[PDB]
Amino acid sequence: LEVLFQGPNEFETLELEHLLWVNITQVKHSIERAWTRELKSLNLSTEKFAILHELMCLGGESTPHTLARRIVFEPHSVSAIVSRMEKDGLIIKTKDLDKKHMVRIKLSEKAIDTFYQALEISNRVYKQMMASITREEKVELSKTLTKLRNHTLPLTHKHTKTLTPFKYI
């Protein structure tokens, strides 16, 4: 009954470390896709929401260099996203007085109101997405991911990042 010579080939067995990269990539994609659709009426991408969040931790105002240091993304990516947010009335850029060529970036009241709304929806989205894993699995998942982050980030970010020390209770 079973056809011959059709079954998976050797490229379907991976080193476990390679399978973990596949698993990270797939989870990142499936969560982002579902979250992005729930948040469509606020017009946010995951990176725009990240930048709103980071600026909120910085009190709503900062400079491109301080923001870039606090967040994982590349500075050129961050500057492109910030310009798009500026176009959309989310970010106000002002020439620092006297400090020539230095820019200040500030969330508008619209951005802050959007962040309010998007944070409350996002909490609900991530909680329903992760309801199938236990509190203990969640704690361990953050510990292992944090180890991976701490061992890999310095391979290409040499003192250029001081990532926001997020906590949970």
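Residue indices: 1-based, along the sequence shown.
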Item checked: residue 98 left out of the model in a third or more of other PDB entries -> yes
Of 99-107 vs 113-121, the stretch with the larger average CA B-factor in the entry is 99-107
Ranked by mean Cα B-factor in the entry, 49-57 and 130-138, top stretch is 130-138
Entry-reported C-alpha B-factor of residue 158 relative to its chain, by third, is highest
Tertile call for residue 18 (CA temperature factor, within chain, third-based) is the lowest
Tertile call for residue 63 (CA temperature factor, within chain, third-based) is the middle
Entry-reported C-alpha B-factor of residue 72 relative to its chain, by third, is lowest
Here the Cα B-factor of residue 151, set against its chain, lands in the third termed highest
